[PDB]
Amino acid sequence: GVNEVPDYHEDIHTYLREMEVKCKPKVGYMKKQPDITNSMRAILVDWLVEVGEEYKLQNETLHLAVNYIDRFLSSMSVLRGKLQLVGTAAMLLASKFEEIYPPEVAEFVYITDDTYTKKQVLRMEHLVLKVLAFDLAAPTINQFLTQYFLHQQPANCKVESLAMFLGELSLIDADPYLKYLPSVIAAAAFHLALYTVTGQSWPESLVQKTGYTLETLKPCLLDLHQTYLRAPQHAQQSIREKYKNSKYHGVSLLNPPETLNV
């Protein structure tokens, strides 16, 4: 019904496809940052996941925050000591954009252990706004995921959590996931979640929607399979912990499949 905006799903999908190209971070930005690394970024995102659980934030907020960060770091050199400042400001902005009841700025200051003052946070907020030119409405993996779910028959909550879970894992590792568009990652997470729980693959109805085949999804699905396989061994764990809870059907605890049909 209207909650799935049938007169608009198609135009919305087409628009997000165009927009996710616009809001795409620069693939190679980390090599151009003298003082920060993919490793440091992983620590940052992992921390944002915790923050997101402590404040019961929407998952969509977390994804938005990460888009903000990668685009900022595509334009601005940042020293290691200020990396967290950029992350706090992006989280703050994502919350203001997405949340009904964002946390107050004070709470954003508290979570950095008072590494930064309130004034630093607010000033960084404004700088972040200027660098992204207020282009904050960025398509996220989740925005594509929720639309792909509609193609299920019936709905399966395990497939839905699991895909969410794999999506968040991708946020952590700029290498390789900065090369993939949100919509590609979302498709690869949805295929991999579907295959793991049901057995079924990426449906024809979504091939027709997206133009993506299992062929064109092959590269991203291999990296995601790798990531899924290696997950319990990742230095960053907050996502695995998060997705143990009944809230997410404990999907993180599911043994991943060992191969695909390729």
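We number the residues from 1 along the sequence you see.
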property	result
Given 164 to 172 and 81 to 89, the range whose Cα B-factors average higher in the PDB entry	164 to 172
186 to 194 versus 138 to 146 - greater average Cα B-factor per the deposited record	186 to 194
From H63, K218, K26, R41, residue of greatest CA B-factor	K218
Deposited CA B-factor, highest of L214, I69, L57, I36	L214
B-factor third for the C-alpha atom of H151 within its chain	highest
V159 - Cα temperature factor, lowest/middle/highest third of chain	highest
Chain-wide C-alpha B factor ranking for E241, given as lowest, middle or highest third	highest
Among modelled residues of the same chain, the CA temperature factor third for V45	lowest
Assigned third (lowest, middle, highest) for the C-alpha B factor of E20	lowest
